[PDB]
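Protein chains in written order, with the entry's author numbering: chain A, 261 to 350; chain B, 261 to 351.
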C-alpha cells in the first residue's frame, strides 16, 4: 500500500522470535520484508539485516548474537539455517 | 561504528515526541539519522521518513498524522516547521 515501506521498517526494527512461530513463517516473513524494502529502493544488506534479526532473537536463540561476531560476511540464509537447526530440536 | 545503521533504523522506527524535548533537538536527531542512513547507502525518502516521524507523534502533535493525508509530497522540513510552530506556542 501507500504505507508499506514504513510498516516493513517498523516490523524489521521490532522483530521478536523465541521459537513460538514456525521458523518457515519467521524466515519468509523477514525475507519478504527485505525484498519489498529492496524493490522500493531501501537497501538493507546482509550485515544490517542479520544485526536486526539477531537483536530481539531471545530464549534458546539468544546465543546466535554472541557467536555472530566471528560471523562477518554472514548472509540472512546462513543465519536462518541456524534458527531452523535450533527449532527442529524442540 | 559497525552497528550504526541497525541502531539508526531502530531509533527511527520507535520515535516518540509529545513536546517535552525542544523541537530543535528532535529535528537534528531525526535529520542526522536520515543523513547517516543515506551515507551508508540506505535512502529513506520524504514520504517514508514523514510516515515514521508522524507515527509516535503524540499529545498536541497527534493531529499532524490526520491532516498528513491531504499532505502528499510533504517534505521532512515542511513537517518540522509544523512541529516547531506548535512547540513555540506550548512555550
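Note that the Cβ used here is the ideal one computed from N, Cα and C, for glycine as well.
Under the Cβ distance rule, residue 302(B) counts among the residues neighbouring chain A, one pair being separated by less than 8 Å. Its chain contains 272, 294, 297, 298, 312 as the residues whose beta carbon lies nearer than 8 Å to that of residue 304(B), once the 5 sequence neighbours on both sides are disregarded; these appear in chain order. Chain order gives the chain A residues near residue 274(B) as 270, 273, 274, where near means a beta carbon separation below 9 Å. Only those residues of the stretch 311-334 of chain A whose C-beta falls short of 8 Å from the nearest C-beta of chain B are listed: 311, 312, 315. Just so you know, the alpha carbons of residue 310(A) and residue 289(A) end up roughly 14 Å apart. A straight line joining the alpha-carbon of residue 317(B) with that of residue 330(B) spans about 18 Å. Within chain B, no C-beta atom comes nearer than 7 Å to that of residue 349(A); the closest sits roughly 28 Å away. In this structure, residue 306(A) and residue 327(A) do not form a Cβ contact; the two beta carbons are roughly 16 Å apart against a cut-off of 8 Å. For residue 332(B), the three-state secondary structure derived from DSSP is coil. Taking all protein chains shown into account, residue 265(B) has 16 or more neighbouring C-beta atoms within 10 Å of its C-beta and is therefore buried. Put simply, the stretch 337-346 of chain A does not touch the stretch 333-349 of chain B. Fewer than three CB pairs are less than 8 Å apart. Excluding the 5 residues flanking it on each side, residue 325(B) has same chain C-beta neighbours closer than 7 Å at 314, 317, in chain order. Below the 7 Å Cβ cutoff, chain B contributes 308 as neighbours of residue 265(A), in chain order. Nearest in C-alpha terms to residue 321(B), of all of 332(B), 279(B), 284(B), is 279(B).
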